[PDB]
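As structure tokens, the structure follows; a few thoughts come after it.
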RNA sequence: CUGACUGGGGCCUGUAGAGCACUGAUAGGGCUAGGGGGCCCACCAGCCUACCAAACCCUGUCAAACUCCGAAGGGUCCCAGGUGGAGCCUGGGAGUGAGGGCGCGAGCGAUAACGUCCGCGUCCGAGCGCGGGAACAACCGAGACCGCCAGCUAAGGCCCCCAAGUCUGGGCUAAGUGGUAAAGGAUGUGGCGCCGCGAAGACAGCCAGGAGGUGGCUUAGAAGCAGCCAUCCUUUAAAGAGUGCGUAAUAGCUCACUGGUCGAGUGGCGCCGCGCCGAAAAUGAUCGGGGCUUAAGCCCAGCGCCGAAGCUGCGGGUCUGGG
RNA sequence: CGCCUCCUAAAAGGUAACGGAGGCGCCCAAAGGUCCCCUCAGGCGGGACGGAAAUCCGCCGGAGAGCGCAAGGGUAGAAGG
RNA sequence: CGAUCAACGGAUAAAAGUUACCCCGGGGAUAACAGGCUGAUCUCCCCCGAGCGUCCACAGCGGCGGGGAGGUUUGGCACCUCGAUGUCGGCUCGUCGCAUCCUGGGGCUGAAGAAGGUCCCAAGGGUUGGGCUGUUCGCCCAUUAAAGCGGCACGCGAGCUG
RNA sequence: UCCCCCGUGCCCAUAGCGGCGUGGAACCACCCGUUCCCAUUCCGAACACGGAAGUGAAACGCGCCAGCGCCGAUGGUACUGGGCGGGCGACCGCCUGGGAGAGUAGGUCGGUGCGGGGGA
């Protein structure tokens, strides 16, 4: 699934999550958006799962907008190994997300369809979210 | 002006720098007052330990 | 964007500015040759000689002997003796070189 | 597993040693740098390793010139 | 249209308080004036939802001033997705640049063919007269199929209006849909 | 007098932040090389490609090893304060070189560990001396010379145990929450704000009817409740070639809808506080217990009071310095 | 297991981990000194062989090239040729 | 000038293994058992509902993902114990939890009845004998209403065995 | 003392790129040759010398333009010293001091010194 095709560093540190969504915090492309409401990571399995859920619910028309990309290499050691002796392997590619992030934008869809599909995608994701709409706030963005 | 200074909280557990600021004002124990002229330096330390100490502007 | 000319000029003049002694700027036009000494720490042109002002003629190089001696003489009137010869973007030869000679020939130190 | 990584060179302690408005003696190190982060100027000589040092005595004088990079000056007393 | 709103002059009050008081911190200005101001949060929300950047906004100043102005910029609490400060561009004379809305009049025939209309730019960048600001520029979106898009080189503008962007800068595209028909191949 | 510390000033920094100007990553477009395809097809090119796809452009992002920038802060020099179990120099003697908890900033780890490893601060260590926290080294208060049957206070408490208010005013909770956990769910409750219709009368209970040719892709022969291709006007409340049962057949029920009978809210939104479920481990339970419901819970506001070895008062001891 | 570069490393320095990355155990008699002279990469367009890219030319280029080798820093107003 | 004195501040100019035949000093500074913290893994349980289920998401189901609980697995850490905390298994004796196998009650059903499936309440009682194997475990034999999962230092050696 | 030019300088783009116009009195440049000085990894291109036929075409000088670029407010906020709490945690609030980058407004088609020459 979603994963950087190449990177200057395979492994990578974890880092802090404190702060707000730096960029991409307004409805930019789609009509409706599912903003995060709590800082957390998301795996490409999670993101892609939520996308597949959305495309299922829509099932016709519309266009999912994945305004986040799982580039940070998630890392865990082999199971049942003592600590140390190097850093764990690249278990997967996650994407850090803070509150305010417009994670998903759906457009080309009725209101109710987009609202519901984004709701389901919210259930598929590990963070409390907030379906929203593009407004003059977004229009000013 | 002058500044009656009432040490009104222990310095234990606070960083040693703040304690040294207490020593700069000469404050040594709780409930200790010291009227000291409001100079930018002395008021510097006093502002540095405002949370620990009471500042009453006197003459 | 610079030129070989411009880059060369900053090249020599930086090389001489690094010294500290007075620089001897040298201008060599097609019909005239100009020269001067300046204190870079003051940005002040002290003495100014020029074929244009001196009203000379003949071999332009020989005219550089003329103005070289002249500027050397005025400088000696100013007492400045140790001074850096700025050949600028010019190749040290011909009019510029012989002018520097006339400054040496004029009794100046470099 | 193994570890390709895990090695690093000693610390160099590079950088500026004397700041502007700080009296110094001639021959003292100023900018233990790499390359010319500061270009030497008035009374500022530079060793082979780009190190800047006071040619004369006097005062440390830091002076940037924008496109002309950051200079250092020892202007005597 | 004219969307008025009472304007208040915050003097030195901490905007934490004013925001706490439902008073939206802000500032109106031009190349001549500049005033730290504050307005009602809920008022400016009500109006601004109608009174987005596309629309003239007339501040109802406390002294009686009524400046027909514009919100050149607005700060948003990323944590709450709430406004937190307004940049009132006091719309004086000397025609200035702003964002006009965009009217996709019709339907792309590819959208009629199942296509999905993606609006690249939902507003337009134009420097027009401050007192002759058109609020609409409709678009001939009928002659469009799936895979089609429009650019600045085709928008027809009213008099005194100026395209403030590249003519090649697109505005919207008719993209393929999102279909479960292509999903069972994906599961 | 130089010290810690402080103020003034100078300057050095690339971190957080931010941003894409470089490096890469990157979402979607435009455009478009180019390669893939289709014809064209070789005699060589050419037309299309909703194929991929350079580069660039736009929109949107991302970064510890990216930086067009960039704090707060930190470092240093000088000036000023700063007399302190301060500072500096030289000698003597050390012991220590297993540290740990806590907070913050990182790495590892699983953003797990009373984990590990670092930086900064702190405390314990050595202060398991004291009050609180029930009990508890590092959490809160507070650095114990001593004695006193004196007082003010700290954290924290004031319904009994147990000292101080069943103290005052205002709210909210009904779960013993309080007195344990999430996602998620919910006519819980309270309070907000927004929208709908409300007497050319609302929801509301009622009531009376609510349809036709009947026909179409006409076939699983149901014009309508079955798979779909459909959805004309009209039966002068006007109710659909229907919304769900009988319909490989009608029915009849009902519904949207037509009047009136009542006659005042009704209805739906989003926010906030406090609650409910979600919530199952192993000897007997428990908020520390008792018990606690306009609280003895939670939040806000007040005053007062209690409260230590803190401080103050008195008396004494002892060390340093000054007489 | 020694040394170099970077991040870790918290805008001074330093700073740990069997943390994240790579390098060195030489080379140049010129790849050193000095004097003088020149400026690249790259792209376009045109140009026999000849290409994508040889050499040529004109046009735009601040350094994105190069600088013996890792990285970084430095750098054309040269350390590059 | 002779250094892979590279274990690179370089113990000799000169040096590899094994010990269950072992011994001494120490260490809970440090592992194996247990206990402890975490719950990665493990068990269980909920969220979404794709799809299945003539149809019908939700009788039974539950893709993709998510959130939990527990603390029985294997793990991680190494905190007490290395001047001793006896380690698997079986026997005896039990006590307890409930995430209930049967027995009690109930809901729904894709429940005609019977037998069922699932879920809810329910821990009073019961939960067999044997073959194999050191085994627990598991398979099998024959039954049963059933032939529960676990905790109790993977209970129990100053109770047995070995 | 003013204007123009020519050389230098400092500030380091608001100073640059671009387009436009303009300069020959002087200055300068281009230029006219290469015997000489000097030179081309070929070439008078550059370099260098002698000279002034011609030209301001280029270059350069100066003005105009904000197209690019660059600079950039004010506010606001992120962020943070310090002191407080909250949160199981990831992380979050408050008071106190500082305070961005981004954008916005807007601003810039340079300022200034020295010397020389020319003109007023």
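Chains as they are written, first to last, in PDB author numbering: chain Q, 1 to 141; chain 3, 2 to 60; chain S, 3 to 112; chain 0, 8 to 84; chain Z, 1 to 187. All C-beta atoms, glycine included, are put in the ideal place defined by N, C-alpha and C.
Going by beta carbon distance, what residues of the same chain come within less than 7 Å of residue i, once the five residues before and after it are set aside?
{"i": "residue 103 (chain Z)", "result": "136, 137, 138, 139"}
{"i": "residue 50 (chain 3)", "result": "19, 22, 23"}
{"i": "residue 125 (chain Q)", "result": "42, 46, 50"}
{"i": "residue 207 (chain Q)", "result": "Nothing can be reported for residue 207 (chain Q): it is not among the residues displayed for chain Q, which extend from 1 to 141."}
{"i": "residue 99 (chain S)", "result": "none"}
{"i": "residue 165 (chain Z)", "result": "125, 152"}
{"i": "residue 71 (chain Q)", "result": "4, 93, 95"}
Report all residues from its chain with a CB closer than 6 Å to the CB of residue i; omit the five preceding and five following residues, and keep chain order.
{"i": "residue 25 (chain 3)", "result": "46"}
{"i": "residue 3 (chain 3)", "result": "36, 38, 59, 60"}
{"i": "residue 181 (chain Z)", "result": "none"}
{"i": "residue 114 (chain Z)", "result": "177"}
Please list the partners that residue i has in chain Z, where partner means a Cβ-to-Cβ separation under 9 Å.
{"i": "residue 58 (chain Q)", "result": "177, 178, 179, 180"}
{"i": "residue 38 (chain Q)", "result": "None at all; the shortest Cβ gap to chain Z is about 10 Å."}
Answer with buried or exposed for residue i, where buried requires no fewer than 16 other C-beta atoms within 10 angstroms of its C-beta.
{"i": "residue 2 (chain Z)", "result": "exposed"}
{"i": "residue 32 (chain S)", "result": "exposed"}
{"i": "residue 34 (chain Z)", "result": "exposed"}
{"i": "residue 32 (chain Z)", "result": "exposed"}
{"i": "residue 63 (chain S)", "result": "buried"}
{"i": "residue 53 (chain S)", "result": "buried"}
{"i": "residue 129 (chain Q)", "result": "buried"}
{"i": "residue 11 (chain 3)", "result": "exposed"}
{"i": "residue 9 (chain S)", "result": "exposed"}
Spatial neighbours of residue i within its chain, please: CB distance less than 8 Å, with the 5 preceding and 5 following residues excluded, ordered by chain position.
{"i": "residue 47 (chain Z)", "result": "3, 4, 5, 57"}
{"i": "residue 86 (chain S)", "result": "18, 21, 23, 24, 25, 26, 112"}
Run through chain Q and tell me which residues come within less than 7 Å of residue i, C-beta to C-beta.
{"i": "residue 183 (chain Z)", "result": "52, 55, 56"}
{"i": "residue 43 (chain 0)", "result": "None at all; the shortest Cβ gap to chain Q is about 28 Å."}
{"i": "residue 8 (chain 0)", "result": "85, 86"}
{"i": "residue 114 (chain Z)", "result": "61"}
Taking residue i as the query, report the chain Z residues whose CB atoms sit under 7 Å from its CB, ordered along the chain.
{"i": "residue 80 (chain Q)", "result": "What residue 80 (chain Q) touches in chain Z: nothing, since even the nearest Cβ is about 33 Å away."}
{"i": "residue 18 (chain Q)", "result": "In chain order: nothing, as chain Z lies at least about 12 Å away."}
{"i": "residue 64 (chain Q)", "result": "178"}
Run down chain 0 in chain order and give the residues with a C-beta less than 8 Å from the C-beta of residue i.
{"i": "residue 76 (chain Q)", "result": "Here the premise fails: no neighbours, minimum Cβ distance about 13 Å."}
What does residue i reach in chain Q if we use C-beta pairs closer than 8 Å?
{"i": "residue 40 (chain Z)", "result": "Within 8 Å Cβ-Cβ: nothing; residue 40 (chain Z) doesn't reach chain Q, min ~16 Å."}
{"i": "residue 93 (chain Z)", "result": "Per Cβ cutoff of 8 Å: no residues; residue 93 (chain Z) is ~24 Å from chain Q at best."}
{"i": "residue 148 (chain Z)", "result": "Within chain Q, no residue comes near residue 148 (chain Z); the closest Cβ sits about 14 Å away, beyond 8 Å."}
{"i": "residue 16 (chain Z)", "result": "Within chain Q, no residue comes near residue 16 (chain Z); the closest Cβ sits about 17 Å away, beyond 8 Å."}
{"i": "residue 53 (chain Z)", "result": "136, 139, 140"}
What in chain Z is Cβ-close to residue i, meaning under 8 Å?
{"i": "residue 99 (chain Q)", "result": "78, 79"}
Any heavy atom of the ligand HEM closer than 7 Å to the CB of residue i?
{"i": "residue 172 (chain Z)", "result": "Among the components modelled here there is no ligand, and therefore nothing to report on the ligand HEM."}
I want to verify the contact list: residues of chain Q whose CB lies under 9 Å from the CB of residue i, in sequence order.
{"i": "residue 186 (chain Z)", "result": "52, 55"}
Do three or more CB pairs link the region 26–35 of chain 0 to the region 90–105 of chain S at distances below 8 Å? no
Are the region 8–15 of chain 0 and the region 79–94 of chain Q touching, with three or more C-beta to C-beta distances below 8 Å? yes
Stretch-stretch touch, CB-based, cutoff 8 Å, three pairs: the region 93–113 of chain Q with the region 21–40 of chain Q: yes
Examine the Cβ distances between the region 77–97 of chain Z and the region 19–30 of chain Z and report whether three or more of them are shorter than 8 Å. yes
Uninterrupted alpha helix (DSSP H) stretches inside the region 14–87 of chain Z (no shorter than 4 residues): DSSP runs (the alpha helix (DSSP H)) wholly in the region 14–87 of chain Z: 15–20, 41–50.
May I ask you to verify whether the region 91–101 of chain Z touches the region 68–75 of chain Z, counting CB pairs closer than 8 Å and requiring at least 3? yes
Is the region 58–73 of chain S close to the region 12–23 of chain 0, with three or more CB pairs under 8 Å? The region 58–73 of chain S makes no contact with the region 12–23 of chain 0, as fewer than three CB pairs between them are under 8 Å.
Cβ contact (3+ pairs, closer than 8 Å) linking the region 9–23 of chain Z and the region 62–72 of chain 0: no
Check whether the region 48–57 of chain 0 touches the region 69–80 of chain 0, taking contact to mean three or more Cβ pairs, one atom from each stretch, closer than 8 Å. Segment contact: the region 48–57 of chain 0 against the region 69–80 of chain 0, three or more CB-CB distances shorter than 8 Å; contact assigned.
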